[PDB]
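Colleague: Residue numbers (the deposited numbering), protein chains in the order written: chain C, 7 to 265, 275 to 604; chain D, 7 to 265, 275 to 604.
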DNA sequence: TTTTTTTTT
Ligand SMILES: [Mg+2]
Ligand SMILES: [Mg+2]
Ligand SMILES: [Zn+2]
Ligand SMILES: [Zn+2]
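The structure is reproduced here in structure tokens:
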């Protein structure tokens with residue numbers, strides 16, 4: 007038996023990273039400066055430094071975590087006495103446990119160990135307080151004594167009151183003292199297994215987890231997470247008998263991850288190539304032949320524009336795309352790829368969606384009997400991409416409910432005496448089919464779309480796809496068979512790198528409008544408005560929302576190349592793609 | 007007087023199997039490799055070796071079973087001393103009990119003996135944990151003692167706390183320690199009697215079964231199982247008085263089997288026949304005369320293609336068949352046969368089904384008032400075949416809800432704040448009648464089918480059946496009367512053998528496309544588009560989906576012969592069969 | 001009652 011306090015402190019102060027910069031030393035300095043009261047330690051670093059220490063942490067986690075926390079607290083206090091009186095104690099969290107078990111394969115033998123489960127967050131409860139050291143008061147004409155009922159022991163999960171007053175050795179009734187009671191933050195969350203690991207013909211399972219102290223509010227619903235901790239059984243009503251000798255299992259979260276310096280370096284060198292825009296476009300849906308304009312348009316929606324917020328109003332900075340085409344034109348394949356490449360995307364269908372399920376659901380809690388809101392599909396997709404397949408197959412009554420969300424990016428709910436406004440800053444991608452299944456050349460655009468002009472004006476770009484057999488049939492057949500044969504096209508950025516590239520660009524890039532683009536946009540907008548009045552029978556209208564599109568598209572083009580200003584070249588690209596949108600629908604230039 | 011501990015040991019190690027290889031020794035050796043912890047014993051094997059032990063097992067199971075487990079553990083321990091500290095005990099499961107009782111014939115005299123029940127699983131609860139050895143601490147300021155209350159006795163299904171502390175002989179308050187508590191896996195399932203056993207008029211009855219230890223998650227809902235164990239009465243609140251001395255019956259499962276190496280050699284022998292494809296086609300619906308092209312198409316759907324999973328998207332590998340015919344053409348006859356020979360099939364009707372029930376339904380459980388997902392018809396058919404009879408009779412607004420599942424093989428639900436995706440990789444076979452009941456040659460094909468072009472393109476093959484009274488009436492009449500007279504057709508593979516053949520092919524066979532097949536497929540696909548453009552009047556469209564139909568059919572043809580490569584011969588059959596399909600819908604090539 | 005999805009007069 008050898009003390010690990012010296013080894014743990016030595017590991018923190020002597021570990022060398024990639025550049026031998028003592029990374030953990032900097033984290034401690036950040037912890038001291040910010041009073042973060044929590045430290046994250048990578049498991050492989052501990053294993054590389056000393057494999058014997060790693061095994062004790064994995065196995066004897068129950069009794070070794072407080073030892074390391076106490077030793078670390080002394081080191082922090084030695085480094086800076088001012089850290090005291092602000093943080094009572096620190097927490098050590100281990101990340102990178104080699105023991106990973108699927109949510110569906112949890113057995114009795116795994117209870118009481120430190121295991122890691124990766125899943126999807128579903129529900130998060132509001133933060134609440136849990137008592138871990140109570141202070142009762144035996145009220146009785148002779149007692150007038152207060153005491154901490156749990157002696158040299160933490161208050162268990164089941165609340166219990168003293169039976170005999172220790173100060174007097176007599177029975178009676180006891181009163182809790184909130185002022186001297188010690189509390190700890192407590193949150194309840196529910197995790198779900200990934201759809202790619204669910205067995206065939208079975209519904210996904212769910213597991214409930216506990217977040218405490220600083221771990222609260224570490225994630226939002228719909229985010230892939232990785233958690234590590236100790237499993238335990240759950241007790242709800244143990245006071246009254248009636249068998250129920252079967253208990254569930256809940257997880258005590260110790261370390262939580264969501265979804275680096277080296278990644279930024281990899282991303283930065285990509286933008287050095289002048290042809291970065293073409294590479295990104297060619298990397299969208301590599302298994303789909305042709306549709307270069309559609310592929311180019313989808314890339315703009317992934318990056319999006321720059322939202323503008325003023326002292327009196329705000330302007331949306333998202334691009335909405337509507338695609339209409341004949342069946343079999345691979346409209347859904349691109350949408351599925353978007354949902355798999357975007358950092359945050361939600362995939363829905365017209366028939367499988369409802370008005371309540373798309374914006375906000377008002378439900379009544381049976382335990383409380385009061386109404387409370389539930390996040391809709393658009394709300395969960397805030398700051399991301401919203402995909403609505405088969406937009407024409409949903410009822411118009413439910414479809415018209417998203418008019419405010421598509422433009423104002425807000426959802427107003429006035430039901431059951433509850434009034435609220437929720438942010439819905441998401442870009443909507445919709446696909447559908449013409450009124451008669453296939454597009455009819457002889458019939459005009461009005462009866463083919465079969466959609467009200469109001470919703471059409473909210474779409475920045477509208478593309479019409481036509482399945483016309485011709486000279487491209489032979490090359491299309493070869494491409495499809497190559498995909499089925501396993502052959503793939505190289506010189507394509509992988510999905511993981513592309514997803515990282517999109518996330519980085521949306522966070523650290525904000526292009527500015529220059530004078531050259533201002534003149535180019537104005538001339539095109541005025542000229543295209545003049546042609547609109549020539550043929551006012553088209554279902555589409557050239558509204559001021561169209562002028563908004565050029566600014567957003569130009570910003571998206573600049574954001575693609577990690578630029579800082581909208582140059583003259585970007586304005587030309589925005590005009591070129593805008594012309595194709597007008598040309599496809601039936602408006603000549 | 008006589009001990010069976012040594013009797014069981016020699017039976018395991020000295021028992022000549024069918025091939026005289028000591029199969030039970032191999033099973034024990036296989037058990038050690040992966041720590042199976044469960045050994046399956048055939049009742050016939052015990053009866054063949056020593057009849058005396060057979061009666062003891064079947065009549066005194068509750069006593070002799072633990073004794074045999076101890077003997078087996080020592081034998082395994084000697085073979086592998088390392089078997090300790092991972093598997094503390096093993097289990098002995100007995101199958102093939104001759105005592106089989108119908109679910110409706112259970113009486114009081116059937117309680118307490120080992121019986122076998124055949125039925126259909128309908129509900130599986132999530133895996134939970136049951137306490138069988140608790141650990142309590144007496145909360146009395148003088149005690150501080152830890153003890154296991156269920157001493158010298160397994161903890162009953164009704165949880166009970168001690169009234170007097172064993173180590174101090176005093177009453178008071180007791181607390182349970184989860185860390186020192188011993189748990190065991192516990193799962194609840196519901197079984198239903200087969201439709202062939204339900205008597206006239208009444209609805210089928212249900213029985214509750216309990217699965218423990220490794221038996222959890224041994225089967226999925228909708229499967230046919232054969233459970234074996236001891237019946238017992240169910241109690242919830244025995245303390246709660248107020249009459250009601252009537253108790254239900256719950257089933258304690260000890261061994262469950264769902265639905275041998277001799278099958279593989281028998282299956283391999285069948286595939287060696289060069290005319291295996293013809294024999295399989297002739298073995299589909301032996302009671303139906305004619306319809307050779309329809310029989311061949313149905314065989315392809317049973318086997319199906321090879322799904323492709325890529326890093327970005329996935330390609331559907333199932334084949335969908337649509338049949339349109341006049342009444343009396345026995346369309347529903349093969350559909351019933353398909354649902355009987357397929358390893359996993361679900362039979363539905365257009366009128367008796369709704370959109371919610373087809374894919375997924377969101378229902379509110381009154382126990383908690385919270386919405387939860389319910390598996391639909393397509394979800395439960397994942398990995399199998401879904402049959403939709405009388406598709407034309409059902410509502411159009413309900414038919415559009417399955418467009419996504421038939422191509423993307425996924426179901427998306429956004430209702431009441433619930434967003435999820437479910438896999439629905441199931442082949443769809445549909446039948447229906449024309450617009451005016453009978454087919455009319457004077458009217459064009461477009462208005463006769465009366466279906467939207469979108470759903471028509473999804474189907475791989477569409478066959479139109481016409482009832483023309485000709486010279487074949489006498490031949491058809493004789494065949495029908497022969498069936499009614501008890502005469503049957505010989506030299507046909509039985510359903511039991513055919514079902515085994517199909518299951519083996521779909522698992523261990525994965526054909527690949529060759530260069531020769533690519534040229535034939537590409538040339539014929541181009542011919543479709545050229546012919547289709549020449550006649551823009553047919554309601555069917557030659558979309559790129561038809562190209563995948565050639566690939567899927569070619570793979571299915573190769574899979575029927577247990578081949579690994581799709582040769583030119585398979586490609587020619589794929590081209591030939593679709594030529595008939597095009598001819599049926601009035602397209603001549 | 002009121003809001004939600006569902007099958008049903
Ligand atoms: Mg689609
Ligand atoms: Mg019929
Ligand atoms: Zn007192
Ligand atoms: Zn005691």
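All C-beta atoms, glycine included, are put in the ideal place defined by N, C-alpha and C.
1. Whole angstroms is fine: what's the gap from residue 462/D's alpha carbon to residue 215/C's?
2. My assumption, with CB atoms under 8 Å, is that residue 575/D sits in contact with residue 314/D. Please give the rounded CB distance.
3. Residue 302/C and residue 537/D - do their beta-carbons sit closer together than 9 Å?
4. Threshold first: 4 residues or longer. Then list the alpha helix (DSSP H) segments lying entirely within the region 280–355 of chain C, N to C.
5. Can you grab the Cα-Cα spacing for the pair residue 6/D / residue 264/D, in whole Å?
6. Which residues in chain C have a C-beta closer than 9 Å to the C-beta of residue 418/D? List them in chain order.
7. Taking CB distances under 9 Å as the criterion, tell me whether residue 499/C reaches chain D.
8. Residues of the region 456–489 of chain D with a CB closer than 7 Å to any CB of chain C: list them in chain order, please.
9. What does residue 328/D touch in chain C if you count any residue whose Cβ is under 7 Å from its own?
10. What does residue 381/C touch in chain D if you count any residue whose Cβ is under 8 Å from its own?
11. Just reading off the alpha helix (DSSP H) that residue 74/D is part of, what are its end residues?
12. What's the call for residue 324/C, buried or exposed, on a 16-neighbour Cβ count within 10 Å?
13. If distances are taken between C-alpha atoms only, which option among 497/D, 527/D, 515/D and 517/D comes closest to residue 502/C?
14. In chain D, which residues lie less than 8 Å from residue 452/C when you measure between Cβ atoms?
15. Taking all protein chains shown into account, decide if residue 423/D is buried (16 or more other Cβ within 10 angstroms of its Cβ) or exposed.
16. Could you compute how far the alpha carbon of residue 555/D sits from the alpha carbon of residue 496/C?
17. Mapping DSSP to helix, strand and coil, what is residue 396/D?
18. Which partner residues of residue 198/C appear in the DSSP bridge assignment?
19. For residue 448/D, count neighbouring C-beta atoms within 10 Å of its own C-beta (all shown protein chains included) and say buried if the count is 16 or more, exposed if not.
20. Are there any heavy atoms of ligand 3 lying less than 8 Å away from the beta-carbon of residue 171/D, as far as the coordinates show?
21. Tell me whether residue 97/D, by its Cβ, gets closer than 8 Å to a heavy atom of ligand 4.
22. For chain D, is any of its Cβ atoms less than 9 Å away from the one on residue 252/C?
23. Using only the heavy atoms of ligand 1, determine whether one of them is closer than 8 Å to the beta carbon of residue 135/D.
24. For ligand 4, is there any heavy atom lying closer than 8 Å to the beta carbon of residue 194/C?
25. Establish whether the CB of residue 429/D and some CB of chain C are separated by less than 9 Å.
26. For the beta strand (DSSP E) holding residue 246/D, just list the boundary residues, first then last.
27. According to DSSP, which residues form a beta bridge with residue 403/D?
28. Please give me, in chain order, every unbroken run of the alpha helix (DSSP H) with length at least 4 that falls completely inside the region 41–70 of chain D.
29. On a CA-only basis, which of 478/D, 150/D and 213/D is nearest residue 339/D? Give me that one, please.
30. Excluding the five sequence neighbours on either side, which residues of its own chain have a C-beta within less than 6 Å of the C-beta of residue 81/C, listed in chain order?
31. Taking the DSSP output, what are the residues bridged to residue 436/C?
32. Measuring only the C-alpha atoms, how far is residue 467/C from residue 414/C?
33. Just to confirm my understanding: we take residue 50/C, look at its own chain, exclude 5 residues before and 5 after, and list those with CB closer than 6 Å. What are they?
34. Quick one: Cα of residue 521/C to Cα of residue 373/C, how far?
35. Out of 403/D, 410/D, 433/D and 504/D, which has the shortest C-alpha to C-alpha gap to residue 474/D?
36. Could you check whether the Cβ of residue 422/D sits closer than 8 Å to any heavy atom belonging to ligand 1?
Modeller: Walking through what the data contain:
1. Start at 1 with the first residue of the second chain, and residue 462/D comes out as number 447. Start at 1 with the first residue of the first chain, and residue 215/C comes out as number 209. Rounded to the nearest angstrom, the two C-alpha atoms are 58 Å apart.
2. Residue mapping note: residue 575/D aligns to position 560 of the second chain, counting from 1. Residue mapping note: residue 314/D aligns to position 299 of the second chain, counting from 1. The pair is a contact, with the Cβ atoms about 7 Å apart (cut-off 8 Å).
3. The residue labelled residue 537/D in the question sits at position 522 within the second chain. The residue labelled residue 302/C in the question sits at position 287 within the first chain. Contact: no.
4. 291–297 and 307–318
5. The structure shown does not extend to residue 6/D, since chain D is modelled only from 7 through 604, so no value can be given for it.
6. In the second chain, residue 418/D corresponds to position 403, counting from 1. The answer, in chain order, is 364, 366, 405 and 408.
7. Translated into the one-based positions of the first chain, residue 499/C becomes position 484. Answer yes: the Cβ-Cβ gap between residue 499/C and chain D drops below 9 Å somewhere.
8. 467, 468, 469 and 472
9. If you number the second chain from 1, residue 328/D lands on position 313. Here the neighbours are 302, 348, 351 and 352.
10. Taking the first residue of the first chain as 1, we reach residue 381/C at position 366. Near residue 381/C (Cβ distances below 8 Å), the residues of chain D are 383, 384 and 385.
11. The residue you call residue 74/D lines up with position 68 of the second chain. Note, residue 74/D: alpha helix (DSSP H), 67–85.
12. By 1-based counting over the first chain, the position of residue 324/C is 309. With fewer than 16 other Cβ atoms within 10 Å, it is exposed.
13. The count along the first chain starts at 1 and reaches residue 502/C at position 487. The candidate whose alpha carbon is nearest that of residue 502/C is 527/D.
14. If you number the first chain from 1, residue 452/C lands on position 437. Correct list: 467, 468 and 469.
15. Counted from its first residue, the second chain places residue 423/D at position 408. With 16 or more other Cβ atoms within 10 Å, it is buried.
16. Translated into positions along the second chain, residue 555/D becomes position 540. Translated into positions along the first chain, residue 496/C becomes position 481. C-alpha separation (whole angstroms): 23 Å.
17. Locating residue 396/D in the second chain gives position 381, where the first residue counts as 1. In the structure shown, residue 396/D sits in coil (DSSP, three-state: anything other than H, G, I, E or B).
18. Translated into the one-based positions of the first chain, residue 198/C becomes position 192. Residue 198/C pairs with 126/C and 212/C.
19. Reading the second chain from its first residue, position 433 is the one you call residue 448/D. By the 10 Å Cβ count, residue 448/D comes out buried.
20. Residue numbering aside, residue 171/D sits at position 165 when the second chain is read from its first letter. Residue 171/D: no, Cβ never under 8 Å from ligand 3.
21. For the purposes of this step, residue 97/D is taken as residue 91 along the second chain, with counting starting at 1. The answer is no for residue 97/D.
22. Position 246 of the first chain, counted from the first residue, corresponds to residue 252/C. It does: the Cβ of residue 252/C has a partner Cβ on chain D nearer than 9 Å.
23. Residue numbering aside, residue 135/D sits at position 129 when the second chain is read from its first letter. Checking the Cβ of residue 135/D against ligand 1 gives no.
24. The residue labelled residue 194/C in the question sits at position 188 within the first chain. No - ligand 4 has no heavy atom lying nearer than 8 Å to the Cβ of residue 194/C.
25. Taking the first residue of the second chain as 1, we reach residue 429/D at position 414. Yes, residue 429/D lies at the interface with chain C (some Cβ there is under 9 Å from its Cβ).
26. Residue 246/D sits at position 240 when you count from the first residue of the second chain. Note, residue 246/D: premise wrong, no beta strand (DSSP E); not H, not E.
27. Counting from one through the second chain, the residue named residue 403/D turns up at place 388. Bridge partners of residue 403/D: 363/D and 445/D.
28. 49–55 and 57–65
29. The sequence position of residue 339/D within the second chain is 324, counting from 1. Comparing Cα-Cα distances from residue 339/D to each of 478/D, 150/D and 213/D, the minimum goes to 478/D.
30. One-based indexing of the first chain puts residue 81/C at position 75. For residue 81/C, where only same-chain residues beyond five positions count, the Cβ hits under 6 Å are 15.
31. Along the first chain, one-based indexing puts residue 436/C at 421. For residue 436/C, which the question treats as bridged, DSSP gives the partners 427/C.
32. Within the first chain, residue 467/C is the residue found at index 452, counting from 1. Within the first chain, residue 414/C is the residue found at index 399, counting from 1. Rounded to the nearest angstrom, the two C-alpha atoms are 11 Å apart.
33. Within the first chain, numbered from 1, the residue matching residue 50/C stands at position 44. Excluding positions up to five away in sequence, the list reads 102.
34. The count along the first chain starts at 1 and reaches residue 521/C at position 506. The count along the first chain starts at 1 and reaches residue 373/C at position 358. Using only the alpha carbons, I get a separation of about 25 Å.
35. The residue you call residue 474/D lines up with position 459 of the second chain. Of the candidates 403/D, 410/D, 433/D and 504/D, the one whose C-alpha sits nearest the C-alpha of residue 474/D is 403/D.
36. Here the question's residue 422/D lines up with position 407 in the second chain. Flag set: Cβ of residue 422/D near ligand 1.
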